[PDB]
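Peer 1: Just dropping this structure here.
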Amino acid sequence: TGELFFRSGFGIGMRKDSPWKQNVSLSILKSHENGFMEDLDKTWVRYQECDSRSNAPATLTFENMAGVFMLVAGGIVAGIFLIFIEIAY
Amino acid sequence: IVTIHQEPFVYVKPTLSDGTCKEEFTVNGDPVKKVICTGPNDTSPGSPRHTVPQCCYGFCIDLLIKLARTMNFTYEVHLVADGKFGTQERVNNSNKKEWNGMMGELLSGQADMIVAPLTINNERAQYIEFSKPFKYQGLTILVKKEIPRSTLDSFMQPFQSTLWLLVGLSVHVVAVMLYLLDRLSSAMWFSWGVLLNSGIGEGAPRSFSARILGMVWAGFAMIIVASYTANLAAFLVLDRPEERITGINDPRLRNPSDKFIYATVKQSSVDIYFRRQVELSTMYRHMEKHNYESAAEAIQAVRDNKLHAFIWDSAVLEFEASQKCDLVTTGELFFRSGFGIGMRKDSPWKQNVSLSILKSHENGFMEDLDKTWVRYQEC
Amino acid sequence: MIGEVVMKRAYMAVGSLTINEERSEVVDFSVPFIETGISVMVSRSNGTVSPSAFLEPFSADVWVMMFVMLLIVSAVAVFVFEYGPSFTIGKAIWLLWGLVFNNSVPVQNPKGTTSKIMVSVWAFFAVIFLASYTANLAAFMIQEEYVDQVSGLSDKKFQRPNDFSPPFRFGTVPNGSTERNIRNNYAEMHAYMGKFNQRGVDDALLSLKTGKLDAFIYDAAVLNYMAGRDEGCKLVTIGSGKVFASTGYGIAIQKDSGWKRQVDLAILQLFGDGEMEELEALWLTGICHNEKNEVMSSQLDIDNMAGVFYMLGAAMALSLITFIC
Amino acid sequence: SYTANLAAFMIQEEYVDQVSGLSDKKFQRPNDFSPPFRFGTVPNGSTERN
Amino acid sequence: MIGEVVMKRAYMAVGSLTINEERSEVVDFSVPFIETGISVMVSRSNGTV
Amino acid sequence: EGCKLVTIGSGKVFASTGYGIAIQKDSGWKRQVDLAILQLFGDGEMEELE
Ligand SMILES: O=C(O)[C@H]1CN(CCCP(=O)(O)O)CCN1
Ligand SMILES: O=C(O)[C@H]1CN(CCCP(=O)(O)O)CCN1
Ligand SMILES: *[C@@H]1O[C@H](CO)[C@@H](O)[C@H](O)[C@H]1NC(C)=O
């Protein structure tokens with residue numbers, strides 16, 4: 001959730017006065033230019049197993065509207081006794 | 001005393017033939033104090049620049065009368081010439097910037113005091129002296145409320161003509177199929193009655209191959225009706241008028257376009273505030289070509305579908321919107337300030353005036369004044 | 001600017017200068033203060049209602065449960081009535097089915113006082129069920145917009161657009177860095193894009209709006225700036241997370257200059273303090289950037305009501321099959 | 001149409017009494033309406049003295 | 001704070017200091033940076049009838 | 001907690017006053033200090049502080 005804040009980047013750390021800074025930076029730039037970084041991203045960080053979108057409104061489940069069935073069951077249980085008494089009288 | 005024309009605070013009306021204000025009484029049954037202030041006509045002087053007297057009254061006049069009674073001194077009220085509040089600007093002559101309006105008149109000595117809704121800001125606080133604010137207020141925006149109309153087309157809106165035609169074909173198809181499966185007008189009547197729920201006909205499809213079709217048709221009709229009702233309800237709910245500005249930070253105000261027009265009164269505190277801002281250059285540039293010469297004129301223009309928004313003091317806009325029933329103040333107050341009495345530096349009235357203002361605020365005299373001249377909310 | 005810096009006529013260059021493998025052997029770049037790359041901009045969509053939305057309000061448990069309950073109620077009513085055409089088991093089911101669906105189809109009333117109470121209770125249940133279904137369907141009609149985004153220069157829509165619906169017709173401005181990068185990386189895409197060359201960036205937006213184009217490939221920063229100030233917010237970029245050949249805007253400095261370390265430290269300090277976000281808030285953010293998808297519920301079409309028609313056709317076919325048997 | 005319009009009209013919001021403040025009949029004449037308005041302040045202060 | 005200012009032990013008093021007719025004969029106040037007074041606080045009402 | 005309370009508008013306030021800075025009875029600093037405060041009302045820093 002939210003928008004990215006404190007934009008930064010990942011880099012290779014080295015000690016000062018190390019004879020690898022320029023070559024490492026040039027190699028990183030070349031990899032960016034020639035699409036090696038894109039291939040690496042598509043190989044390791046690339047997955048859409050379960051996407052997301054605007055969730056639909058909730059649907060009424062059995063427990064959400066389990067009152068009408070109980071009311072009708074009570075009505076039928078009362079009606080059986082009513083018919084029994086009517087036949088008996 | 002130099003005063004300006006502000007409806008909530010300074011009412012200006014023509015005098016009678018004999019040269020006296022018409023007698024008037026308030027609701028409680030008390031006279032309304034009035035004074036004779038000599039000033040030009042409502043419009044610009046121009047050729048007929050005769051200064052015909054026009055006695056004025058209002059909340060500011062009552063405050064001035066109270067101040068005069070508290071400390072023994074006589075007054076002589078008059079209106080300003082240019083009809084502006086005051087600002088610093090250059091002239092076509094050598095570059096010697098000078099004030100105009102009430103501020104210029106006070107500085108030039110033509111007036112000894114200012115009694116009017118004058119805001120307190122740093123620009124004009126370096127030349128004159130202000131007393132304690134006798135009314136705290138801010139800056140607000142006034143717009144015209146839109147009538148809540150319904151933009152609904154004919155009843156056919158929820159369903160496109162193709163769907164209507166398909167339903168019409170389908171009803172006939174089901175009727176004919178049921179008639180054929182029976183072995184007729186009876187099938188068509190039954191289908192129409194089921195679809196429209198009219199209870200016409202006595203069709204009895206005893207065939208076991210037609211009861212299922214009839215049940216399916218009834219379910220389809222119920223589903224269609226429910227879908228139509230739900231779509232109509234959803235469309236009606238989501239049909240609302242466009243939102244208002246709702247504050248000065250509205251993106252619409254940030255980006256000025258010919259579609260939306262907003263301005264204020266030329267040579268006022270609002271103009272200085274907008275010009276001094278560094279992040280509001282676009283708004284100031286847009287408003288520079290639409291500012292009006294008076295508050296009443298701007299109110300009338302906004303009322304008659306000519307101005308979209310008017311930025312002005314809250315104390316005046318609230319009163320205006322409480323007696324029109326068609327104007328509304330939108331947004332939150334910004335640039336909070338107060339109204340004070342302006343005077344020249346080194347005058348023997350500043351301390352006494354400030355003490356009198358504080359005493360009036362504490363005792364409750366100010367309140368009364370607000371109730372008498374303000375707080376008329378009827379909308 | 002690069003020539004001026006190299007020619008010693010200036011010490012630093014401030015502006016929208018890109019960093020790349022070349023152009024660095026003659027000038028030293030500082031830490032970038034803004035990201036950029038090769039992104040794709042496409043027009044926004046709205047979306048409609050699902051064909052099966054007419055079954056969304058109730059779960060399947062509900063429909064089957066109500067079916068079984070109706071069968072049980074019909075059987076109980078028949079048994080109670082058992083204690084010319086007085087009543088039948090096959091007619092009670094028809095009457096109950098008609099009652100459930102707004103009670104439109106003609107039915108035959110029972111001839112028993114006891115059965116009348118059961119019929120009334122079933123009618124009450126049916127009215128409650130219909131009201132609940134209508135309310136849920138009305139609630140479901142509130143549909144928001146959906147952003148049909150793409151992975152970006154890595155999906156079949158760009159690699160093989162000729163094996164699906166009419167091609168996306170993605171295009172870019174030729175004779176530029178982006179075209180060279182596309183040619184060097186993906187020859188097939190560059191060859192295919194030759195039929196959608198756009199002269200300028202101003203006309204690209206008009207072409208996309210009209211419908212002549214479906215995707216514009218260009219620099220990320222320029223595309224974001226243009227999208228921010230759209231007259232209707234109908235254009236949206238692909239996103240910062242999916243950008244090809246990412247780079248940044250930097251400050252050109254003289255080679256082996258002692259100010260490079262201080263400049264980079266100052267830029268990093270500005271990033272840490274939070275001044276960059278404030279600057280982008282007023283200089284880069286457009287009219288509409290932090291906006292959701294408008295609901296703007298639309299009407300119903302044949303595609304929207306496809307499920308109901310399919311169910312009706314299936315029921316008709318089943319009826320015909322039963323008649324044949 | 002009637003059902004749809006009624007459903008649309010069923011949406012309601014909150015409202016404020018919008019009392020003038022120490023100048024309306026609620027505070028001046030509490031007995032006209034339900035006398036027990038139950039409004040008070042903190043004693044031994046500037047507000048009570050005022 | 002008012003006593004400290006009067007007693008010459010301080011030059012200014014910064015805080016939530018209210019301006020009034022009294023207390024002004026011994027010290028001089030500046031332009032107020034915040035407004036206040038007497039106000040009424042009440043709960044909210046549903047109002048859905 | 002819960003945002004169940006509310007207060008009347010600033011316009012409907014009785015015995016309005018303000019918060020100030022106490023200074024010596026006779027001192028030129030005030031003449032400048034006031035201006036400084038007014039400056040804060042022009043640049044808009046008061047709104048941000050609030
Ligand atoms: O590095 C630069 O010089 C500028 C120029 N860029 C335009 C790129 C044009 P194309 O991608 O080659 O078609 C925009 C910002 N960077
Ligand atoms: O007077 C002051 O210096 C302070 C004290 N105030 C408290 C007022 C409490 P009550 O209303 O009189 O009971 C708050 C700010 N001003
Ligand atoms: C860095 O690269 C240069 C060629 O660009 C090479 O001569 C040098 O040996 C490299 N440095 C190291 C430490 O390998």
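Ordering of the structure tokens sets the chain letters (A, B, ...); residue numbers start at 1 within each chain; ligands are numbered from 1 in the order shown.
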Taking only C-alpha atoms into account, what are the residues of chain B at most 8 Å from chain F, put as number ranges by chain?

Peer 2: B: 121-122, 125-126, 136-137, 273, 276-277, 334-336, 361-364, 367

Peer 1: Those same residues, written as an mmCIF file, in the first residue's frame with C-alpha atoms?

Peer 2:
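part-v4.cif was written with the following content:
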```
data_model
loop_
_atom_site.group_PDB
_atom_site.id
_atom_site.type_symbol
_atom_site.label_atom_id
_atom_site.label_comp_id
_atom_site.auth_asym_id
_atom_site.auth_seq_id
_atom_site.Cartn_x
_atom_site.Cartn_y
_atom_site.Cartn_z
ATOM 1 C CA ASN B 121 -1.122 43.098 7.360
ATOM 2 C CA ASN B 122 2.607 43.768 7.417
ATOM 3 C CA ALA B 125 1.512 48.127 9.255
ATOM 4 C CA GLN B 126 4.874 49.833 8.621
ATOM 5 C CA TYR B 136 -11.376 38.209 14.064
ATOM 6 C CA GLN B 137 -12.012 36.617 10.671
ATOM 7 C CA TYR B 273 -1.548 38.426 -0.228
ATOM 8 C CA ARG B 276 3.401 38.190 -2.177
ATOM 9 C CA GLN B 277 3.068 34.405 -2.499
ATOM 10 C CA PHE B 334 -7.066 30.764 5.324
ATOM 11 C CA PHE B 335 -4.953 33.834 6.094
ATOM 12 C CA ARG B 336 -6.649 34.520 9.411
ATOM 13 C CA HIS B 361 -14.971 42.734 23.824
ATOM 14 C CA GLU B 362 -14.939 41.684 27.483
ATOM 15 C CA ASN B 363 -18.208 43.317 28.575
ATOM 16 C CA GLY B 364 -20.310 41.968 25.699
ATOM 17 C CA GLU B 367 -21.492 40.464 20.822
#
```

Peer 1: If you count only C-alpha atoms and all ligand atoms, which residues end up within 10 Å of ligand 1, as number ranges by chain?

Peer 2: C: 1-2, 15-20, 23, 36-38, 172-182, 200, 217-222, 248-250

Peer 1: Taking only C-alpha atoms into account, find every residue of chain D that has an atom no more than 9 Å from chain F, and write it out as a PyMOL selection string.

Peer 2: chain D and resi 16+18-22+50

Peer 1: Using Å and a single decimal, report how far CA of residue 287 (chain C) sits from CA of residue 229 (chain C).

Peer 2: 5.2 Å

Peer 1: List all protein, DNA and RNA residues that have an atom no more than 9 Å from any atom of ligand 2, counting only C-alpha atoms and all ligand atoms, and report them as a list in words.

Peer 2: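 So, counting only C-alpha atoms and all ligand atoms, the residues near ligand 2 are residues 41, 42, 43, 44, 45, 46, 47, 48, 49 and 50 of chain D; 1, 2, 15, 16, 17, 18, 19, 20, 36, 37 and 38 of chain E; 18 and 19 of chain F.
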
Peer 1: Just want the residues within 8 Å of ligand 3, written as an MDAnalysis selection string, counting only C-alpha atoms and all ligand atoms.

Peer 2: chainID A and resid 19:20 22:23

Peer 1: Provide the CA of residue 301 (chain B) to CA of residue 256 (chain B) distance in Å, to one decimal place.

Peer 2: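 Going from CA of residue 301 (chain B) over to CA of residue 256 (chain B), I get 19.0 Å.
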
Peer 1: With a distance cut-off of 12 Å and only C-alpha atoms, select the neighbouring residues of residue 35 (chain D), excluding the residue or stretch itself and same-chain residues fewer than 5 positions from it, and output the selection as a PyMOL selection string.

Peer 2: chain D and resi 25-30

Peer 1: Using only C-alpha atoms, which residues sit within 8 Å of residue 216 (chain C) once same-chain residues fewer than 3 positions away are excluded, as a list in words?

Peer 2: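 Surrounding residues, per the criterion: residues 40, 41, 42, 170, 171, 172, 204, 208 and 213 of chain C.
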
Peer 1: Can you write out the residues you just picked, keeping N, CA, C and O atoms, as a compact mmCIF listing (two decimals), in the first residue's frame?

Peer 2:
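Result file is result39.txt:
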```txt
# COMPACT_ATOMS: atom_id res chain seq x y z
N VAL C 40 6.50 2.53 -21.29
CA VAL C 40 5.41 2.45 -22.25
C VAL C 40 4.18 3.10 -21.64
O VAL C 40 3.84 2.82 -20.49
N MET C 41 3.52 3.96 -22.41
CA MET C 41 2.30 4.63 -21.99
C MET C 41 1.14 4.14 -22.85
O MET C 41 1.26 4.07 -24.08
N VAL C 42 0.03 3.79 -22.20
CA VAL C 42 -1.16 3.29 -22.86
C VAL C 42 -2.39 3.99 -22.28
O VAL C 42 -2.37 4.49 -21.16
N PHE C 170 2.21 -0.93 -31.06
CA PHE C 170 3.08 -0.10 -30.25
C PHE C 170 4.07 0.65 -31.12
O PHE C 170 4.61 0.11 -32.09
N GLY C 171 4.31 1.92 -30.78
CA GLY C 171 5.18 2.76 -31.58
C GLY C 171 6.05 3.64 -30.71
O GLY C 171 5.81 3.83 -29.52
N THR C 172 7.08 4.20 -31.35
CA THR C 172 8.02 5.09 -30.68
C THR C 172 8.58 6.07 -31.70
O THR C 172 8.53 5.83 -32.91
N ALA C 204 1.86 12.16 -30.63
CA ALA C 204 1.72 10.79 -30.15
C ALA C 204 0.54 10.67 -29.20
O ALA C 204 -0.21 9.69 -29.25
N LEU C 208 -2.71 8.31 -29.76
CA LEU C 208 -3.14 7.33 -28.77
C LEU C 208 -4.59 7.57 -28.35
O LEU C 208 -5.37 6.61 -28.21
N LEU C 213 -3.13 4.48 -32.28
CA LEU C 213 -2.03 3.83 -31.58
C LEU C 213 -2.52 3.31 -30.24
O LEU C 213 -3.45 3.86 -29.64
```

Peer 1: Return as a list in words the residues belonging to chain D that are within 12 Å of chain C, counting only C-alpha atoms.

Peer 2: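 Taken together, these residues fit the definition: residues 3, 4, 7 and 8 of chain D.
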
Peer 1: With chain C as the partner and 8 Å as the cut-off, tabulate the residues of chain A that qualify, each row holding the nearest pair of atoms and their distance in Å to one decimal, using only C-alpha atoms, sorted by chain and rising number, as JSON lines.

Peer 2:
```
{"residue": "A:5", "atom": "CA", "partner": "C:277", "partner_atom": "CA", "distance": 7.5}
{"residue": "A:6", "atom": "CA", "partner": "C:271", "partner_atom": "CA", "distance": 6.9}
{"residue": "A:7", "atom": "CA", "partner": "C:271", "partner_atom": "CA", "distance": 7.8}
{"residue": "A:26", "atom": "CA", "partner": "C:21", "partner_atom": "CA", "distance": 6.5}
{"residue": "A:29", "atom": "CA", "partner": "C:21", "partner_atom": "CA", "distance": 5.4}
{"residue": "A:30", "atom": "CA", "partner": "C:21", "partner_atom": "CA", "distance": 5.9}
{"residue": "A:32", "atom": "CA", "partner": "C:245", "partner_atom": "CA", "distance": 5.5}
{"residue": "A:33", "atom": "CA", "partner": "C:245", "partner_atom": "CA", "distance": 5.7}
{"residue": "A:34", "atom": "CA", "partner": "C:185", "partner_atom": "CA", "distance": 6.8}
{"residue": "A:35", "atom": "CA", "partner": "C:245", "partner_atom": "CA", "distance": 6.6}
{"residue": "A:37", "atom": "CA", "partner": "C:245", "partner_atom": "CA", "distance": 7.9}
{"residue": "A:38", "atom": "CA", "partner": "C:244", "partner_atom": "CA", "distance": 6.6}
{"residue": "A:42", "atom": "CA", "partner": "C:154", "partner_atom": "CA", "distance": 7.9}
{"residue": "A:53", "atom": "CA", "partner": "C:146", "partner_atom": "CA", "distance": 7.4}
{"residue": "A:54", "atom": "CA", "partner": "C:144", "partner_atom": "CA", "distance": 7.0}
{"residue": "A:56", "atom": "CA", "partner": "C:140", "partner_atom": "CA", "distance": 7.1}
{"residue": "A:57", "atom": "CA", "partner": "C:140", "partner_atom": "CA", "distance": 5.9}
{"residue": "A:59", "atom": "CA", "partner": "C:57", "partner_atom": "CA", "distance": 5.1}
{"residue": "A:60", "atom": "CA", "partner": "C:58", "partner_atom": "CA", "distance": 5.6}
{"residue": "A:61", "atom": "CA", "partner": "C:59", "partner_atom": "CA", "distance": 6.1}
{"residue": "A:62", "atom": "CA", "partner": "C:62", "partner_atom": "CA", "distance": 6.2}
{"residue": "A:68", "atom": "CA", "partner": "C:125", "partner_atom": "CA", "distance": 6.2}
{"residue": "A:72", "atom": "CA", "partner": "C:121", "partner_atom": "CA", "distance": 6.4}
{"residue": "A:75", "atom": "CA", "partner": "C:121", "partner_atom": "CA", "distance": 6.9}
{"residue": "A:76", "atom": "CA", "partner": "C:118", "partner_atom": "CA", "distance": 6.7}
{"residue": "A:79", "atom": "CA", "partner": "C:114", "partner_atom": "CA", "distance": 6.6}
{"residue": "A:80", "atom": "CA", "partner": "C:80", "partner_atom": "CA", "distance": 7.9}
{"residue": "A:82", "atom": "CA", "partner": "C:114", "partner_atom": "CA", "distance": 7.0}
{"residue": "A:83", "atom": "CA", "partner": "C:114", "partner_atom": "CA", "distance": 5.6}
{"residue": "A:87", "atom": "CA", "partner": "C:83", "partner_atom": "CA", "distance": 7.9}
```

Peer 1: Near residue 328 (chain B), within 12 Å and counting only C-alpha atoms, which residues show up once chain neighbours fewer than 4 positions away are dropped, as a list in words?

Peer 2: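 In the requested form, the answer reads residues 140, 141, 142, 143, 144, 145, 146, 244, 245, 246, 299, 302, 303, 308, 309, 310, 314, 317, 318, 319, 320, 321, 322, 323, 324, 377 and 379 of chain B.
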
Peer 1: Would you output that residue set with N, CA, C and O atoms, as an mmCIF file, in the first residue's frame?

Peer 2:
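Generated output (part_14.cif):
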```cif
data_model
loop_
_atom_site.group_PDB
_atom_site.id
_atom_site.type_symbol
_atom_site.label_atom_id
_atom_site.label_comp_id
_atom_site.auth_asym_id
_atom_site.auth_seq_id
_atom_site.Cartn_x
_atom_site.Cartn_y
_atom_site.Cartn_z
ATOM 1 N N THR B 140 -12.174 33.475 2.701
ATOM 2 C CA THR B 140 -13.024 32.380 2.260
ATOM 3 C C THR B 140 -13.385 32.577 0.793
ATOM 4 O O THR B 140 -13.093 33.616 0.187
ATOM 5 N N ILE B 141 -14.027 31.558 0.226
ATOM 6 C CA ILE B 141 -14.443 31.540 -1.169
ATOM 7 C C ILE B 141 -15.947 31.320 -1.221
ATOM 8 O O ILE B 141 -16.486 30.470 -0.504
ATOM 9 N N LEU B 142 -16.623 32.094 -2.064
ATOM 10 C CA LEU B 142 -18.065 32.021 -2.242
ATOM 11 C C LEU B 142 -18.368 31.553 -3.656
ATOM 12 O O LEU B 142 -17.761 32.038 -4.619
ATOM 13 N N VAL B 143 -19.302 30.607 -3.778
ATOM 14 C CA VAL B 143 -19.727 30.064 -5.061
ATOM 15 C C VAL B 143 -21.248 29.980 -5.067
ATOM 16 O O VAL B 143 -21.914 30.261 -4.068
ATOM 17 N N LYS B 144 -21.796 29.593 -6.214
ATOM 18 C CA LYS B 144 -23.234 29.461 -6.397
ATOM 19 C C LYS B 144 -23.612 27.987 -6.387
ATOM 20 O O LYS B 144 -23.068 27.196 -7.166
ATOM 21 N N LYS B 145 -24.540 27.622 -5.507
ATOM 22 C CA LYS B 145 -24.981 26.237 -5.422
ATOM 23 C C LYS B 145 -25.805 25.863 -6.647
ATOM 24 O O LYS B 145 -26.589 26.667 -7.160
ATOM 25 N N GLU B 146 -25.627 24.630 -7.114
ATOM 26 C CA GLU B 146 -26.342 24.135 -8.280
ATOM 27 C C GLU B 146 -27.586 23.372 -7.852
ATOM 28 O O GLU B 146 -27.578 22.655 -6.848
ATOM 29 N N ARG B 244 -17.580 20.726 -5.203
ATOM 30 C CA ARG B 244 -17.196 22.127 -5.171
ATOM 31 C C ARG B 244 -15.685 22.255 -4.979
ATOM 32 O O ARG B 244 -14.947 21.267 -4.938
ATOM 33 N N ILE B 245 -15.216 23.499 -4.861
ATOM 34 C CA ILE B 245 -13.781 23.742 -4.726
ATOM 35 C C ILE B 245 -13.249 23.083 -3.461
ATOM 36 O O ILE B 245 -12.213 22.406 -3.478
ATOM 37 N N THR B 246 -13.951 23.265 -2.344
ATOM 38 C CA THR B 246 -13.581 22.653 -1.069
ATOM 39 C C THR B 246 -12.142 23.009 -0.683
ATOM 40 O O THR B 246 -11.272 22.148 -0.545
ATOM 41 N N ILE B 299 -20.105 40.108 -6.327
ATOM 42 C CA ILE B 299 -21.185 39.257 -5.833
ATOM 43 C C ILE B 299 -22.275 39.125 -6.888
ATOM 44 O O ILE B 299 -22.779 38.028 -7.155
ATOM 45 N N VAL B 302 -21.034 36.877 -9.773
ATOM 46 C CA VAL B 302 -21.050 35.463 -9.413
ATOM 47 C C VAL B 302 -22.483 34.947 -9.353
ATOM 48 O O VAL B 302 -22.760 33.800 -9.722
ATOM 49 N N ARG B 303 -23.413 35.781 -8.885
ATOM 50 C CA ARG B 303 -24.805 35.357 -8.793
ATOM 51 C C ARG B 303 -25.394 35.079 -10.171
ATOM 52 O O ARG B 303 -26.124 34.098 -10.354
ATOM 53 N N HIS B 308 -17.320 32.320 -11.313
ATOM 54 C CA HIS B 308 -17.442 30.980 -10.748
ATOM 55 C C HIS B 308 -17.124 30.958 -9.258
ATOM 56 O O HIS B 308 -17.748 30.206 -8.502
ATOM 57 N N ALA B 309 -16.164 31.767 -8.816
ATOM 58 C CA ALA B 309 -15.786 31.805 -7.411
ATOM 59 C C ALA B 309 -15.315 33.206 -7.057
ATOM 60 O O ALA B 309 -14.686 33.881 -7.877
ATOM 61 N N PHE B 310 -15.618 33.636 -5.833
ATOM 62 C CA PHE B 310 -15.226 34.954 -5.347
ATOM 63 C C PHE B 310 -14.489 34.792 -4.027
ATOM 64 O O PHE B 310 -15.057 34.277 -3.061
ATOM 65 N N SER B 314 -14.272 36.328 5.212
ATOM 66 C CA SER B 314 -15.299 35.421 5.714
ATOM 67 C C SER B 314 -16.455 36.186 6.347
ATOM 68 O O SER B 314 -17.621 35.814 6.176
ATOM 69 N N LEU B 317 -18.671 37.365 3.395
ATOM 70 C CA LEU B 317 -19.229 36.289 2.585
ATOM 71 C C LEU B 317 -20.270 35.494 3.361
ATOM 72 O O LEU B 317 -21.314 35.122 2.812
ATOM 73 N N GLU B 318 -20.006 35.219 4.641
ATOM 74 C CA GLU B 318 -20.969 34.470 5.442
ATOM 75 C C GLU B 318 -22.294 35.211 5.545
ATOM 76 O O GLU B 318 -23.365 34.609 5.402
ATOM 77 N N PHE B 319 -22.246 36.522 5.793
ATOM 78 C CA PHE B 319 -23.477 37.304 5.839
ATOM 79 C C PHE B 319 -24.178 37.304 4.488
ATOM 80 O O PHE B 319 -25.405 37.164 4.417
ATOM 81 N N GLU B 320 -23.417 37.461 3.403
ATOM 82 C CA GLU B 320 -24.026 37.476 2.078
ATOM 83 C C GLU B 320 -24.695 36.145 1.761
ATOM 84 O O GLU B 320 -25.796 36.112 1.199
ATOM 85 N N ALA B 321 -24.048 35.036 2.116
ATOM 86 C CA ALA B 321 -24.585 33.713 1.828
ATOM 87 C C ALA B 321 -25.713 33.306 2.764
ATOM 88 O O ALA B 321 -26.385 32.305 2.496
ATOM 89 N N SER B 322 -25.937 34.045 3.848
ATOM 90 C CA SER B 322 -26.997 33.730 4.797
ATOM 91 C C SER B 322 -28.304 34.450 4.491
ATOM 92 O O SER B 322 -29.286 34.248 5.210
ATOM 93 N N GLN B 323 -28.339 35.281 3.447
ATOM 94 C CA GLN B 323 -29.546 36.010 3.081
ATOM 95 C C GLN B 323 -29.871 35.898 1.596
ATOM 96 O O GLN B 323 -30.782 36.586 1.122
ATOM 97 N N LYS B 324 -29.154 35.057 0.852
ATOM 98 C CA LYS B 324 -29.394 34.881 -0.573
ATOM 99 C C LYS B 324 -30.037 33.550 -0.926
ATOM 100 O O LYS B 324 -30.792 33.484 -1.897
ATOM 101 N N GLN B 377 -28.660 33.782 9.725
ATOM 102 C CA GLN B 377 -28.631 32.547 8.948
ATOM 103 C C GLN B 377 -30.042 31.991 8.810
ATOM 104 O O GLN B 377 -30.643 31.549 9.794
ATOM 105 N N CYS B 379 -30.835 30.273 5.427
ATOM 106 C CA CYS B 379 -30.783 29.221 4.417
ATOM 107 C C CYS B 379 -30.711 27.841 5.059
ATOM 108 O O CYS B 379 -31.395 26.909 4.619
#
```

Peer 1: Within 12 Å of residue 24 (chain E), counting only C-alpha atoms, which residues show up once you throw out same-chain ones fewer than 6 positions away? Write them as an NGL selection string, please.

Peer 2: (:B and (351-352 or 354-355 or 358-359)) or (:E and (2 or 6 or 17-18 or 30)) or (:F and (20-25))

Peer 1: From the list C:263, C:71, C:10, C:318, which residue is nearest chain B when using only C-alpha atoms?

Peer 2: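 Nearest candidate to chain B out of C:263, C:71, C:10, C:318: C:318.
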
Peer 1: Output as a PyMOL selection string all residues of region 94-209 of chain B that backbone DSSP marks as strand (DSSP E).

Peer 2: chain B and resi 98-99+128-130+135-144

Peer 1: Could you give me, as JSON lines, a per-residue list for chain E showing, wherever an atom lies at most 8 Å from an atom of chain B, the closest pair of atoms and their distance in Å to one decimal, using only C-alpha atoms and sorting by chain then residue number from low to high?

Peer 2:
```
{"residue": "E:20", "atom": "CA", "partner": "B:358", "partner_atom": "CA", "distance": 6.5}
{"residue": "E:21", "atom": "CA", "partner": "B:358", "partner_atom": "CA", "distance": 5.4}
{"residue": "E:31", "atom": "CA", "partner": "B:132", "partner_atom": "CA", "distance": 7.8}
{"residue": "E:35", "atom": "CA", "partner": "B:136", "partner_atom": "CA", "distance": 7.6}
```

Peer 1: Selection from above, N, CA, C and O atoms, as an mmCIF file, in the first residue's frame, can you write it?

Peer 2:
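Contents of selection-v3.cif, freshly written:
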```cif
data_model
loop_
_atom_site.group_PDB
_atom_site.id
_atom_site.type_symbol
_atom_site.label_atom_id
_atom_site.label_comp_id
_atom_site.auth_asym_id
_atom_site.auth_seq_id
_atom_site.Cartn_x
_atom_site.Cartn_y
_atom_site.Cartn_z
ATOM 1 N N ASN E 20 -6.226 40.627 27.856
ATOM 2 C CA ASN E 20 -7.452 41.117 28.466
ATOM 3 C C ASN E 20 -7.255 42.570 28.872
ATOM 4 O O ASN E 20 -6.135 43.085 28.898
ATOM 5 N N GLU E 21 -8.372 43.234 29.186
ATOM 6 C CA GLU E 21 -8.315 44.635 29.589
ATOM 7 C C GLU E 21 -7.357 44.827 30.757
ATOM 8 O O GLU E 21 -6.473 45.691 30.719
ATOM 9 N N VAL E 31 0.877 41.517 18.729
ATOM 10 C CA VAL E 31 -0.227 41.043 17.890
ATOM 11 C C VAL E 31 -0.468 39.567 18.176
ATOM 12 O O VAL E 31 0.485 38.765 18.137
ATOM 13 N N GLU E 35 -6.123 32.906 17.927
ATOM 14 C CA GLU E 35 -7.367 33.433 18.463
ATOM 15 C C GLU E 35 -8.050 32.395 19.345
ATOM 16 O O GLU E 35 -7.902 31.187 19.145
#
```

Peer 1: Between C:52, C:299, C:104, C:257, single out the one closest to residue 311 (chain C), counting only C-alpha atoms.

Peer 2: C:52

Peer 1: Please identify every residue of chain C that has at least one atom no more than 10 Å from any atom of chain B, counting only C-alpha atoms, and report them as an MDAnalysis selection string.

Peer 2: chainID C and resid 53:55 94 97:98 100:107 130:131 133:143 229 282 286:288 295:303 305 308:309 311:325

Peer 1: So the first atom is CA of residue 197 (chain C) and the second is CA of residue 183 (chain C); what is the distance between them in Å, to one decimal place?

Peer 2: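 Result for CA of residue 197 (chain C) versus CA of residue 183 (chain C): 13.9 Å, one decimal.
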